[PDB]
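Read the structure below first, then the notes.
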Amino acid sequence: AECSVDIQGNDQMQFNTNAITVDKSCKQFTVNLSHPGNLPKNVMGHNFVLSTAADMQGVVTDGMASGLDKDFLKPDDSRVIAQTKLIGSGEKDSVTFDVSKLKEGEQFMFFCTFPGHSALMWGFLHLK
Ligand SMILES: [Cu+2]
């Protein structure tokens, strides 16, 4: 839809998009994450995590240290605007968030917090 995006994270440690623009008419925005491939969550799990660009590093840093069972995310992290679960191949997860949490002119980034993945698995999101 206009107010959602389907995104894939694959066994090549890559998202199939690196830029998302959100229409100002959207009250909510939904991201549907899926995982083509064959590798399980413990070696190639992906999540979709959204924060301001400013916060990306801190979110990734705390997440990796939080470990696998916590989906590589710090619990109750207020820097995170939206997050999916960490998924393995063949699994899928969605998240919806309020577009009011986005700001005009500000850059947000989405990324995977599985250790190292953010080297390639990142993109920008901003209001259209
Ligand atoms: Cu990943």
Side-chain angles (χ1 to χ4, degrees), residues 1 3-23 25-26 28-127:
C3 286
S4 69
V5 61
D6 293 348
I7 178 158
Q8 296 180 1
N10 66 17
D11 271 4
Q12 297 307 111
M13 199 177 63
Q14 269 168 315
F15 277 138
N16 68 342
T17 185
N18 54 44
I20 295 162
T21 59
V22 177
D23 195 284
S25 66
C26 292
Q28 291 76 41
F29 195 76
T30 299
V31 178
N32 300 311
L33 179 70
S34 60
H35 187 321
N38 308 303
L39 296 178
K41 173 212 300 195
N42 64 343
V43 309
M44 185 56 76
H46 308 305
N47 52 29
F48 174 98
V49 182
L50 179 67
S51 72
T52 63
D55 280 336
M56 173 181 175
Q57 186 58 73
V59 165
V60 165
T61 290
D62 281 338
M64 299 188 178
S66 302
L68 182 63
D69 291 17
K70 289 180 181 110
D71 285 349
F72 293 116
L73 282 169
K74 184 181 84 165
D76 302 336
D77 186 346
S78 57
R79 299 165 300 194
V80 174
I81 300 175
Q83 63 190 261
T84 65
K85 286 168 181 171
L86 188 78
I87 57 180
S89 65
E91 295 185 327
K92 76 181 183 191
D93 198 33
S94 292
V95 59
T96 298
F97 65 90
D98 293 330
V99 178
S100 65
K101 286 177 181 179
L102 302 179
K103 187 170 79 56
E104 310 155 341
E106 185 166 27
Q107 298 302 311
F108 298 86
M109 296 181 76
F110 58 93
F111 45 94
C112 182
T113 58
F114 191 110
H117 289 198
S118 64
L120 293 180
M121 303 190 67
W122 60 267
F124 280 88
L125 183 153
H126 67 77
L127 293 173

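Numbering of ligands and ligand atoms starts at 1, following listing order. Computed from heavy atoms alone, side chains included, the values below leave out hydrogens, waters and symmetry copies. Numbers for residues simply follow the sequence, beginning at 1.
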Crowded around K103 NZ? As in, over 12 foreign heavy atoms under 6.0 Å?
yes

List in chain and number order the residues that pass ring pair (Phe, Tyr, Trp, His ring centres under 6.0 Å) with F110, two or more places apart in sequence or in another chain; answer none if no residue qualifies.
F15, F48

Cut-off under 2.8 Å, centre the Cu ion (ligand 1), protein N/O/S atoms
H46 ND1, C112 SG, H117 ND1

Between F124 and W122, what is the ring plane arrangement, given parallel below 30°, perpendicular above 60°, and tilted in between?
perpendicular

For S25 and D23, does a side-chain donor sit closer than 3.5 Å to a side-chain acceptor?
yes

Under 3.5 Å side-chain donor-acceptor pair for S34 and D6
no

Using modelled atom types only, decide if a donor and an acceptor are shared between the side chain of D93 and the backbone of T84 within a distance under 3.5 Å.
no

